Amino acid sequence: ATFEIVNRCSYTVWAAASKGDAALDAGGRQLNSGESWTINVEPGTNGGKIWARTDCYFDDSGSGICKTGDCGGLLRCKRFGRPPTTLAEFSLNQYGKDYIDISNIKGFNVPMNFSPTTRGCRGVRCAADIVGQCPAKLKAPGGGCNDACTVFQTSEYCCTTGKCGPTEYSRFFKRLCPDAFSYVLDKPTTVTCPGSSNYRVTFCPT
């Protein structure tokens with residue numbers, strides 16, 4: 001499957017793509033404002049994620065640091081990134097179907113649209129000003145708006161027992177972005193697409 005990753009933000013981002021134990025394609029790249037990066041993701045990939053990283057510094061060997069979404073200090077991510085990160089999530093070719101979503105379970109850093117470029121399903125978007133409106137206790141100094149699990153490390157926010165409810169903090173994310181997951185047991189906002197669809201992830205879509 002092809003994913004086109006487009007940075008419509010006015011600032012540079014460092015895109016990342018991983019399935020947690022491996023990079024997808026090159027795993028990461030700098031995207032200046034307006035740039036597009038096309039990656040190939042193997043069919044059958046389960047649990048892939050794409051995200052943006054902000055305020056990164058990398059040396060000539062591809063080692064450094066980002067203020068949001070850092071993946072162990074690498075330009076080319078092999079692992080998932082440090083919150084806060086708005087997440088585009090996908091599992092492809094699962095019994096004939098692809099499943100896509102946007103999640104705020106690991107917080108929010110950059111607004112995002114995640115849409116198919118082929119026929120047969122709709123896209124999803126979270127483009128509200130979550131960082132500007134972020135509750136004081138969730139604000140990340142580096143930028144972004146953390147989720148409550150990251151900040152407080154409680155069973156209720158992290159849904160550790162498999163039983164949890166919505167919270168004041170999850171409802172904040174949900175009010176601003178109804179089409180994104182706001183906590184682990186949120187009513188699913190997953191979209192089912194035809195197997196082997198292609199996609200575009202746009203940072204700062206509006």
# chains A, B, ... in the order shown; residues from 1 in each chain; ligands from 1
>>> residues_around(residues="residue A:73", least_positions_apart="5", cutoff="6 Å", atoms="only C-alpha atoms", output="ChimeraX atom specification")
/A:63-65
>>> write_last_selection(atoms="N, CA and C atoms", output="PDB file, in the first residue's frame")
ATOM      1  N   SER A  63      21.081  10.814  14.365  1.00  0.00           N
ATOM      2  CA  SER A  63      20.871  10.686  15.807  1.00  0.00           C
ATOM      3  C   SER A  63      20.646  12.070  16.384  1.00  0.00           C
ATOM      4  N   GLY A  64      19.722  12.190  17.334  1.00  0.00           N
ATOM      5  CA  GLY A  64      19.440  13.466  17.915  1.00  0.00           C
ATOM      6  C   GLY A  64      18.272  13.430  18.869  1.00  0.00           C
ATOM      7  N   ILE A  65      17.405  14.439  18.786  1.00  0.00           N
ATOM      8  CA  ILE A  65      16.295  14.572  19.713  1.00  0.00           C
ATOM      9  C   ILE A  65      15.188  15.390  19.081  1.00  0.00           C
TER      10      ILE A  65
END
>>> residues_around(residues="residue A:168", least_positions_apart="6", cutoff="12 Å", atoms="only C-alpha atoms", output="compact mmCIF listing (two decimals) with C-alpha atoms, in the first residue's frame")
# COMPACT_ATOMS: atom_id res chain seq x y z
CA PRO A 135 -5.97 21.92 30.17
CA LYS A 137 -2.21 19.96 33.87
CA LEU A 138 -1.87 18.24 30.45
CA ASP A 147 -3.03 12.41 27.55
CA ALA A 148 -3.93 11.81 31.18
CA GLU A 156 -8.36 4.69 35.45
CA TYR A 157 -6.61 6.87 32.86
CA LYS A 174 -13.42 14.07 22.53
CA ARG A 175 -15.22 17.44 22.53
CA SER A 182 -9.97 9.74 23.36
CA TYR A 183 -9.32 6.88 25.79
>>> closest_residue(among="A:145, A:102, A:180, A:134", to="residue A:69", atoms="only C-alpha atoms")
A:145
>>> select_by_dssp(residues="stretch 5-128 of chain A", states="strand (DSSP E)", output="JSON, numbers by chain")
{"A": [5, 6, 7, 13, 14, 15, 16, 17, 18, 23, 24, 25, 26, 27, 28, 29, 30, 31, 36, 37, 38, 39, 40, 48, 49, 50, 51, 52, 53, 54, 55, 56, 57, 58, 64, 65, 66, 67, 68, 87, 88, 89, 90, 91, 92, 93, 94, 97, 98, 99, 100, 101, 102, 103, 112, 113, 114, 115, 116, 124, 125, 126]}
>>> closest_residue(among="A:93, A:189, A:10, A:61", to="residue A:44", atoms="only C-alpha atoms")
A:93
>>> residues_around(residues="residue A:186", least_positions_apart="3", cutoff="12 Å", atoms="only C-alpha atoms", output="tab-separated table (two decimals) with N, CA and C atoms, in the first residue's frame")
chain	number	residue	atom	x	y	z
A	103	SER	N	-6.03	8.59	16.63
A	103	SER	CA	-6.09	8.45	18.08
A	103	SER	C	-5.39	9.60	18.78
A	104	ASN	N	-6.04	10.06	19.87
A	104	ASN	CA	-5.49	10.97	20.86
A	104	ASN	C	-5.17	10.27	22.17
A	105	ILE	N	-5.11	8.95	22.17
A	105	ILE	CA	-4.82	8.21	23.41
A	105	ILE	C	-3.43	8.50	23.93
A	157	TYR	N	-6.96	6.19	34.12
A	157	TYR	CA	-6.61	6.87	32.86
A	157	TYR	C	-5.98	5.93	31.87
A	159	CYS	N	-6.46	2.63	31.79
A	159	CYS	CA	-7.36	1.51	31.55
A	159	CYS	C	-6.69	0.17	31.76
A	162	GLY	N	-8.74	-3.07	32.21
A	162	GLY	CA	-9.68	-3.34	31.13
A	162	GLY	C	-11.06	-2.77	31.41
A	163	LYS	N	-11.22	-2.11	32.55
A	163	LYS	CA	-12.43	-1.44	32.93
A	163	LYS	C	-11.98	-0.03	33.25
A	164	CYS	N	-12.56	0.91	32.57
A	164	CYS	CA	-12.36	2.33	32.82
A	164	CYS	C	-13.49	3.04	32.14
A	165	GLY	N	-13.74	4.27	32.56
A	165	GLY	CA	-14.72	5.11	31.94
A	165	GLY	C	-14.06	6.33	31.33
A	166	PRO	N	-14.86	7.14	30.65
A	166	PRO	CA	-14.39	8.44	30.24
A	166	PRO	C	-14.09	9.30	31.45
A	167	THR	N	-13.27	10.32	31.26
A	167	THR	CA	-12.83	11.17	32.33
A	167	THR	C	-12.93	12.62	31.92
A	170	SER	N	-10.36	12.90	29.13
A	170	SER	CA	-10.70	12.30	27.85
A	170	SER	C	-11.79	13.09	27.16
A	171	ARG	N	-12.74	13.60	27.93
A	171	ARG	CA	-13.85	14.33	27.33
A	171	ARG	C	-13.38	15.62	26.68
A	173	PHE	N	-10.52	15.94	24.91
A	173	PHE	CA	-10.09	15.52	23.58
A	173	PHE	C	-11.29	15.17	22.72
A	174	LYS	N	-12.28	14.52	23.30
A	174	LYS	CA	-13.42	14.07	22.53
A	174	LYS	C	-14.31	15.23	22.08
A	178	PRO	N	-14.23	14.64	17.89
A	178	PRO	CA	-15.09	13.49	18.11
A	178	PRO	C	-14.71	12.26	17.31
A	179	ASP	N	-14.02	12.45	16.19
A	179	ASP	CA	-13.72	11.31	15.33
A	179	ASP	C	-12.41	10.63	15.65
A	180	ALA	N	-11.78	10.95	16.77
A	180	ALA	CA	-10.55	10.32	17.22
A	180	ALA	C	-10.78	9.62	18.55
A	181	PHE	N	-10.08	8.53	18.76
A	181	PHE	CA	-10.12	7.86	20.06
A	181	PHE	C	-9.61	8.80	21.15
A	182	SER	N	-10.34	8.87	22.26
A	182	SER	CA	-9.97	9.74	23.36
A	182	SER	C	-9.49	9.00	24.60
A	183	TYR	N	-9.80	7.72	24.71
A	183	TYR	CA	-9.32	6.88	25.79
A	183	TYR	C	-9.43	5.45	25.29
A	189	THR	N	-13.99	4.69	16.62
A	189	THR	CA	-14.13	5.58	15.48
A	189	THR	C	-13.33	5.05	14.30
A	190	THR	N	-13.05	3.76	14.32
A	190	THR	CA	-12.35	3.08	13.23
A	190	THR	C	-13.19	3.08	11.98
>>> select_by_dssp(residues="chain A", states="alpha helix (DSSP H)", output="PyMOL selection string")
chain A and resi 130-133+148-152+155-158+168-176
>>> write_last_selection(atoms="C-alpha atoms", output="PDB file, in the first residue's frame")
ATOM      1  CA  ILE A 130      -6.085  21.089  21.028  1.00  0.00           C
ATOM      2  CA  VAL A 131      -2.738  22.553  22.004  1.00  0.00           C
ATOM      3  CA  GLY A 132      -4.145  26.068  22.483  1.00  0.00           C
ATOM      4  CA  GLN A 133      -7.096  24.812  24.516  1.00  0.00           C
ATOM      5  CA  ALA A 148      -3.927  11.810  31.183  1.00  0.00           C
ATOM      6  CA  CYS A 149      -2.397   8.328  31.318  1.00  0.00           C
ATOM      7  CA  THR A 150       1.012   9.710  30.387  1.00  0.00           C
ATOM      8  CA  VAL A 151       0.735  12.453  32.978  1.00  0.00           C
ATOM      9  CA  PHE A 152      -0.853  10.720  35.983  1.00  0.00           C
ATOM     10  CA  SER A 155      -5.348   2.609  36.438  1.00  0.00           C
ATOM     11  CA  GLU A 156      -8.358   4.686  35.450  1.00  0.00           C
ATOM     12  CA  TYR A 157      -6.606   6.868  32.864  1.00  0.00           C
ATOM     13  CA  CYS A 158      -4.500   4.040  31.487  1.00  0.00           C
ATOM     14  CA  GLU A 168     -12.733  14.946  32.462  1.00  0.00           C
ATOM     15  CA  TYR A 169      -9.506  14.767  30.480  1.00  0.00           C
ATOM     16  CA  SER A 170     -10.701  12.303  27.852  1.00  0.00           C
ATOM     17  CA  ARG A 171     -13.846  14.333  27.330  1.00  0.00           C
ATOM     18  CA  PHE A 172     -11.701  17.363  26.486  1.00  0.00           C
ATOM     19  CA  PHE A 173     -10.092  15.517  23.585  1.00  0.00           C
ATOM     20  CA  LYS A 174     -13.424  14.068  22.533  1.00  0.00           C
ATOM     21  CA  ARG A 175     -15.224  17.438  22.532  1.00  0.00           C
ATOM     22  CA  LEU A 176     -12.618  18.917  20.194  1.00  0.00           C
TER      23      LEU A 176
END
>>> residues_around(residues="residue A:199", least_positions_apart="6", cutoff="6 Å", atoms="only C-alpha atoms", output="number ranges by chain")
A: 3, 115-117
>>> write_last_selection(atoms="C-alpha atoms", output="mmCIF file, in the first residue's frame")
data_model
loop_
_atom_site.group_PDB
_atom_site.id
_atom_site.type_symbol
_atom_site.label_atom_id
_atom_site.label_comp_id
_atom_site.auth_asym_id
_atom_site.auth_seq_id
_atom_site.Cartn_x
_atom_site.Cartn_y
_atom_site.Cartn_z
ATOM 1 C CA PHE A 3 0.855 6.283 1.844
ATOM 2 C CA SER A 115 -7.959 9.777 4.208
ATOM 3 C CA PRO A 116 -8.034 7.086 1.519
ATOM 4 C CA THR A 117 -6.859 8.082 -1.979
#
>>> residues_around(residues="residue A:120", least_positions_apart="5", cutoff="10 Å", atoms="only C-alpha atoms", output="list in words")
residues 192, 193, 194, 195 and 197 of chain A
>>> write_last_selection(atoms="C-alpha atoms", output="short mmCIF file (atom, residue, chain, number, x, y, z; two decimals), in the first residue's frame")
data_model
loop_
_atom_site.label_atom_id
_atom_site.label_comp_id
_atom_site.auth_asym_id
_atom_site.auth_seq_id
_atom_site.Cartn_x
_atom_site.Cartn_y
_atom_site.Cartn_z
CA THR A 192 -13.34 0.05 7.47
CA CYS A 193 -11.87 0.38 3.99
CA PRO A 194 -11.45 -2.15 1.19
CA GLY A 195 -8.37 -4.27 1.55
CA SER A 197 -6.52 0.76 -0.23
#
>>> residues_around(residues="residue A:55", least_positions_apart="5", cutoff="9 Å", atoms="only C-alpha atoms", output="PyMOL selection string")
chain A and resi 12-14+65-68+142-143
>>> atom_distance(atom1="atom CA of residue A:79", atom2="atom CA of residue A:62")
14.7 Å
>>> residues_around(residues="residue A:50", least_positions_apart="6", cutoff="7 Å", atoms="only C-alpha atoms", output="JSON, numbers by chain")
{"A": [16, 17, 18, 87, 88, 89]}
>>> write_last_selection(atoms="N, CA, C and O atoms", output="compact mmCIF listing (two decimals), in the first residue's frame")
# COMPACT_ATOMS: atom_id res chain seq x y z
N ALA A 16 7.25 10.18 10.87
CA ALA A 16 7.71 8.88 11.35
C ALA A 16 6.69 7.84 10.99
O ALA A 16 5.50 8.11 10.97
N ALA A 17 7.16 6.61 10.74
CA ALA A 17 6.27 5.51 10.40
C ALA A 17 6.88 4.23 10.95
O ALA A 17 8.03 3.90 10.61
N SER A 18 6.15 3.51 11.78
CA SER A 18 6.67 2.32 12.44
C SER A 18 5.53 1.38 12.74
O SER A 18 4.40 1.78 12.86
N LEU A 87 -1.91 10.33 16.47
CA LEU A 87 -1.55 9.11 15.76
C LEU A 87 -2.51 8.76 14.65
O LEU A 87 -3.72 8.69 14.86
N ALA A 88 -1.95 8.47 13.48
CA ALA A 88 -2.67 7.79 12.40
C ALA A 88 -2.36 6.31 12.55
O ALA A 88 -1.20 5.93 12.54
N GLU A 89 -3.38 5.48 12.71
CA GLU A 89 -3.20 4.06 13.02
C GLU A 89 -3.87 3.22 11.96
O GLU A 89 -4.95 3.56 11.51
>>> atom_distance(atom1="atom CA of residue A:124", atom2="atom CA of residue A:141")
27.8 Å
>>> atom_distance(atom1="atom CA of residue A:81", atom2="atom CA of residue A:140")
14.7 Å
>>> closest_residue(among="A:75, A:2, A:129, A:177", to="residue A:60", atoms="only C-alpha atoms")
A:75
>>> closest_residue(among="A:77, A:202, A:58, A:43", to="residue A:27", atoms="only C-alpha atoms")
A:77
>>> closest_residue(among="A:15, A:136, A:184, A:31", to="residue A:106", atoms="only C-alpha atoms")
A:184
